[PDB]
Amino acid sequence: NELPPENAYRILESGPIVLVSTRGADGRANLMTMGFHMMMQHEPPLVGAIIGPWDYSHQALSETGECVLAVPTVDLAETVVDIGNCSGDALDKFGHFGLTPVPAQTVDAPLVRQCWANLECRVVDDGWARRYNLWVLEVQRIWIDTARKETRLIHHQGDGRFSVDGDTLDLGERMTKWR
C-alpha cells in the first residue's frame, strides 16, 4: 500500500530507529542503522539525517544522492542492532541477515521487504554534510506493509537499549490550532 509522501511525519516524527538502504555506483546494495534523524518539514516532506564517514554507506549517499529509510519493527531488533555494528564494505548484509531487497520506484536503492514502512528519499541539500554530517532528504514515496502482523516500532535510547511502543494515546481532539 502507498501513502502520499506528505504523510512522512506520521511515520518518522516519533523517532523510530531506522535502517538506511543504499546502492552504490557499483550496483551493490547495503544497509546501516540510524538513530540521529528528525522531521524538518511536513510539506514538502523533509528529513534530516546524520550519516558520517565512519559508515561505508556514506560513499553511496555522497555519490548517488539516494537512499531508502526502511522502518523496522520490534521483531527485527537484533538484526537492526547487528546491522549497526558491522560494515557493508566487505559483507552482504541483505544476504547475511535474510532481508529481501525490492525495487524502488524513484531511486536505485532497494526497499526492504521485511520493514513495515519504506520511504524513498533523495538528497536535496548537502550544504551541511561536511559541517555536521547532516543530509537533508526529501521523501519521494512511502510504502506500507498493511498486512504485517507485528507493527510495533522501537526507539533507540542509546547503548543498544530500545523502547518498544506500548499504548497509543489519541489527543487529536485537542489539536485545535492544527486542523
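Residue indices: 1-based, along the sequence shown.
Colleague: Look over 132 to 140 and 59 to 67 in the entry and identify the one with the greater average Cα temperature factor.
Modeller: Mean C-alpha B-factor is greater for 59 to 67.
Colleague: Decide which of the stretches 91 to 99 and 78 to 86 has the higher mean C-alpha B-factor, going by the entry.
Modeller: Comparing averages over the C-alpha atoms only gives 91 to 99.
Colleague: When the modelled residues of the chain are sorted by Cα temperature factor, does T146 land in the lowest, middle or highest third?
Modeller: It belongs to the highest third of the chain when residues are ordered by C-alpha B-factor.
Colleague: Using the temperature factors of the C-alpha atoms in this entry, rank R28 within its chain: lowest, middle or highest third.
Modeller: As the PDB entry reports it, the C-alpha B-factor of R28 lands in the highest third of its chain.
Colleague: Among the modelled residues of this chain, does the Cα B factor of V18 put it in the lowest, middle or highest third?
Modeller: Lowest third - that is where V18 ends up once the chain's C-alpha B-factors are sorted.
Colleague: Is the Cα B-factor recorded for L12 in the lowest, middle or highest third of its chain?
Modeller: Tercile = lowest for this residue's CA B-factor.
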